Every structure is written in structure tokens, then in C-alpha cells.
Number of protein chains: 2
Amino acid sequence: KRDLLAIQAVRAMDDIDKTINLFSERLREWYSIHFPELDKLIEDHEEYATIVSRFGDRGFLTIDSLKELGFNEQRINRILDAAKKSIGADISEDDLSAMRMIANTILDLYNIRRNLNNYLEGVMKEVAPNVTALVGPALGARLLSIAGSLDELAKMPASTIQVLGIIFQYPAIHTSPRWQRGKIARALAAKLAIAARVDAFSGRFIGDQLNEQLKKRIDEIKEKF
Amino acid sequence: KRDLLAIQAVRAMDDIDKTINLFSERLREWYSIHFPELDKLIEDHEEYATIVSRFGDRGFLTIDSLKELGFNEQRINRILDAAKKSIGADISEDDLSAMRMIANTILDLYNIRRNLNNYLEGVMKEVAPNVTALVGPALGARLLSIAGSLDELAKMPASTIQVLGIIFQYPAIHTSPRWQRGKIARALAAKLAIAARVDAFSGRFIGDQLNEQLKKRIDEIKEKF
């Protein structure tokens, strides 16, 4: 039942994301009593957690310490200055380390995502290689997730897969001007229909040819203005 | 701003719970493809995670290894037999360890809740000891959370505190027959109103006397049938 397990993986990854956001709200609100300005200075949750985590108190931040995170000099100065002039409150090391329990959890969740993503790839490359050849591990598991199972996906016509539409995230689609996407999504759906079927029956790998045929048809679609 | 930080802690605890549940739904569904029966055999999420976590594959479970978790022999038999007769599928060690990332995260969350709870008690015992004397750390931060701040709580009359009603969770209340609760909640509200105020002003500790006066009035309420 190897396809089921890949779905569970992708579903776990979504649950990690919901969570990362939940804990990041919390961390941002929480740590913000101490350093209110950092919040709007950093959009990315992983970075915010990293600061609260490795450095802690606004007064322990440094040029060197921050270059150690790939922040450019233009931004290093905004942070470090808003560290000095800071409107926020003072914090005991017990307050810091309690905030950090949440911060480090967020960091832990980021690694688990990466890890589950590698698990997702190994599996999908074995249970549905021709689907993965087309849309990649994640999207491929995601279709299965909505489909219910590989067998259930392989029983869908192209017209059904096209709406699950979610395949509209495929770069060749998402890149294209809105008018072209109808016809492109139709070509992908068509290849996915075959791809899910040779995979279901566990036949020979036609990923190369499936991709070439998609590129040809997309070019013809595109060279028709 | 030490009261705010206590609130953030309690709010973080709730977020942990929402999460524990989310991850355990997922883990139960996921690991269930392997051991479908374990699900209804164990209601507690911490235990389920512990099995998936330390043991893994249904077939590695044992009497001794299960006594190592405080399960009674009446229960150990149900599990270990539903291990043999198991309707579930087979799994690679890659599938197990991927499930486990979720399982261990759940275990990690349980620790953080305990730790945050210890943080919560140290703090509340300093910032609002008289409130904590009354209702305890958790409930006390929870009122603050609803109130917004210690100052804002200390501005509420008894009649407003009584509805935030959440104080109805206090044992002497929740224990009592529905009819008595009105008058008991009234007495607690009254003592909390004073307790929040000596706390706000940061006055002298009247926790002992406040508790004695509540026990007296509760007795009188009770010995009135």
C-alpha cells in the first residue's frame, strides 16, 4: 500500500505548515513584547525563529553574528539600530528560554519538512515514477491525495484530473499568460492520464517520452500566439 | 510588562494542544495503514505516539516492553494479540522512521507543555501571587488573557470577572450540584476582584486569608442545602 503512505507524507507536510504559521504568530506576538520592531523587519518565519533562537535578547545581536545568517549590510543596520532605539520591554533569561521553546520547535518543524520532502521523493519515484517525471514528487502525491489512491487516479479521465484546478501550478502553466493555460492544462492532464496508468499497472518507464511529447505540444500551443 | 508574558505562555500552551491533536489525528491515520487496531485501543495521544515512537513495527511489541509503559496485563494482551492477528499492511523502515518524525514531534510537544507550565507558575507566583493563590497559575493567566492585562483585570468588578463563565472551572464550583454554583462563583469573583487589585498595586500577600474567607463562605452556602 505504498501510494497511501506518500499521501500521508504530503498531508503531514501541510499540517507542518499550518503549525509553523500557528507557532510563528505566537512567537511573533510573544517575543514582540521584547523586540516589537523585528516583527515587520522579517517576513520569513524561519529567520525570525533563528534570531529569537540563536541570539535571543535584542542587545546580543551583532554585525558578525548577523552576517552569519546571510543578511546584507543594508538590512543588518536596520535591525541593529532598532535593537538600540528599541521601544520594547526587558526580559529575564527565563522569559527568553521559554520563548525559545517555541522558537526551536519552529526550527525543528522546518527540518522535518525537508526530511519528509526527501522521503516523499524517494517513495513517489518508486510508486509513481511517470507521474513524478511529469509534475514532480509533491504535486504528484497531492493529486493522489485528492484522488484517494493510485488506482483511483488511474481510473480518472484527463477531464477529471484537469480539475482536481491543482495541476495549474505546473510551471509551464503558471508562467503562461492566462489565455494559454486552458490548452496547456489539457495537454498535461492527457499525459498524466497515461502516466498514472502505466504506473498503476506498474509497467515500463515512459517518463522521458511523456515529457518530450508535452514540450512539443506546449511549443505548438505557444507558437500559435 | 511581566503579566503580558504569562498570557503569551498560556496562549502558547493552547496552541500546543491544538497542534498535538492535529498531529495525532495525522499519526493515527498514517500509522493506521500499518496497525489499524491500535487506534481504538488507545485514547490518549501521548501513549499512541510513544508506541509508534519507541517500538515502531507491530511485530516488535512485547509483554516486557509494554510493562515498561505501565499498561496492565488485561490491556497488554489486547494489544499484542491484535498485533499478531493484524489486518494492517507491511512497512519499510523508511516508512516507519517517516511516521516517527511526526510521533516524536508529538512527544516533544508534550514536554514543552510541561515546561511552559513550570514557566507559567514561576511567573504568575510573582506577577499575581494572590490570584494564583486563589485559582492557580493556569486559570489565573487565562483570566488575564481574556482581561487583556493585570491592570485591566484589576479594573473589573466581581460581576464582570464572574462571566469571563470561565471561573466556573474552579474545583469547589465544578464539583458542586448545578444549583449551588451561582452563589459559589459569586464568592470567588468577589475574592478575585480584591486579589487582582492587591496584585496590580503590588501590595502585600493576602493569599492565605483570601482562601480562608472563601472556604468559610462556601461552607455557609453549602450548609444551606
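Residues numbered from 1 in each chain as written, not as in the entry; some residues may be left out. Chains lettered and ligands numbered in written order. Heavy atoms only, no water.

- Method of determination, as annotated in the archive: X-ray crystallography, at 3.100 Å resolution.

## Some points on the packing of helix 1 (residues 2-32) of chain A against helix 6 (residues 93-127) of chain B
Right, so step 1: At a minimum axis distance of 10 Å, the contact between helix 1 of chain A and helix 6 of chain B shows a crossing angle of 25°. One element, helix 1 of chain A, and the other, helix 6 of chain B, form an angle in the roughly parallel class. Taken as a pair, helix 1 of chain A and helix 6 of chain B cross one another with a handedness that is left-handed. Two secondary-structure elements touch here, helix 1 of chain A through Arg2(A), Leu5(A), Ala12(A), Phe23(A) and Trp30(A) and helix 6 of chain B through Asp95(B), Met99(B), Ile102(B), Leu109(B), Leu116(B) and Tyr119(B).
Right, so step 2: Among the residues making up the contact of helix 1 of chain A with helix 6 of chain B, the classes are represented as nine nonpolar, no polar and two charged. (Axes fitted to C-alpha atoms, helices over the stretch in contact; angles between N-to-C directions. Helix = DSSP H or I, 4+ residues; strand = E, 2+ residues; numbered from the N terminus. Parallel < 35°, antiparallel > 145°, perpendicular 65-115°, else oblique. Left-handed = near helix turned anticlockwise from the far one by under 90°. Contact = heavy atoms within 4.5 Å. Nonpolar A, V, L, I, M, F, W, Y, C, P; charged D, E, K, R; others polar.)

## A look at the nonpolar core
Right, so step 1: Core analysis: the biggest nonpolar cluster contains 158 residues, and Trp30(A), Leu188(A), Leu192(A), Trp30(B), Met99(B), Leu116(B) and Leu192(B) have the highest contact counts within it.
Right, so step 2: Residues within four places of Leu192(B) in sequence aside, it is in contact with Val131(B), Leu134(B), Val135(B), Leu143(B), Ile161(B) and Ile167(B). (Core = buried A, V, L, I, M, F, W, Y, C linked by side-chain atoms within 4.5 Å. Buried < 20%, exposed > 50% of the residue type's maximum accessible area, 1.4 Å probe, protein only.)

## Re the interface of chain B and chain A
Much of the literature gives interface size as the accessible area that the parts lose upon coming together.
Right, so step 1: Taken residue by residue, the interface counts 32 residues in chain B and 33 residues in chain A.
Right, so step 2: With both chains or domains summed, chain B and chain A bury close to 2900 Å², and 68% of this area falls on carbon and sulfur atoms.
Right, so step 3: Where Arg11(A) meets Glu29(B), a salt bridge forms, and the shortest distance between an N and an O atom there is 3.4 Å.
Right, so step 4: Here chain B and chain A share eight residue pairs in polar contact between them.
Right, so step 5: Among the elements of the structure, helix 1 (2-32) and helix 6 of chain B are those that each provide at least two residues to the side of chain B that touches chain A.
Right, so step 6: For the side of chain B that touches chain A, the per-class residue count stands at 18 nonpolar, five polar and nine charged. (Buried area = accessible area lost by both parts, 1.4 Å probe. Salt bridge = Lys/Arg side-chain N within 4 Å of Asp/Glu carboxyl O. Polar contact = N/O pair within 3.5 Å; in protein donor to acceptor, adjacent residues only side chain to side chain.)

## Concerning the environment of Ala49(B)
Residue and element names in this part refer to chain B.
Right, so step 1: Mapped onto the elements of the fold, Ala 49 is located in helix 3 (residues 45-54).
Right, so step 2: Owing to a relative accessible area of 1%, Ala 49 belongs among the buried residues under this scheme.
Right, so step 3: Along the chain, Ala 49 and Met 156 lie 107 residues apart, while their C-alpha atoms are 43 Å from each other.
Right, so step 4: Apart from the residues within four sequence positions on either side, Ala 49 is in contact with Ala 103, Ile 106 and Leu 107.

## Details of empty space enclosed by the protein
Right, so step 1: Its boundaries defined by the atoms lining it, the largest cavity holds a volume of some 30 Å³.
Right, so step 2: Along the walls of the largest cavity sit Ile33(A), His34(A), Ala89(A), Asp90(A), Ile91(A), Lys1(B) and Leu5(B), which together make up its complete lining.
Right, so step 3: Here the residues of the lining of the largest cavity are counted per class, giving four nonpolar, one polar and two charged. (1 Å grid on protein atoms, 1.4 Å probe; cavity = no way out; pocket = protein on both sides within 12 Å on 5 of 7 lines; lining within 4 Å. Points joined across faces, edges and corners; volume = space filled by probe spheres on them.)

## Overview of the pattern of salt bridges
Right, so step 1: Scanning all chains against the criterion turns up 22 salt bridges over all chains.
Right, so step 2: A salt bridge links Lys125(A) to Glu121(A), with the shortest nitrogen-to-oxygen separation between them at 3.5 Å. Taken as a pair, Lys125(A) and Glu121(A) lie in helix 6 (residues 93-127) at a separation of four residues, close to a single helical turn.
Right, so step 3: Through salt bridges that share partners, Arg11(A), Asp15(A), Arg26(B) and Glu29(B) make up one connected network.

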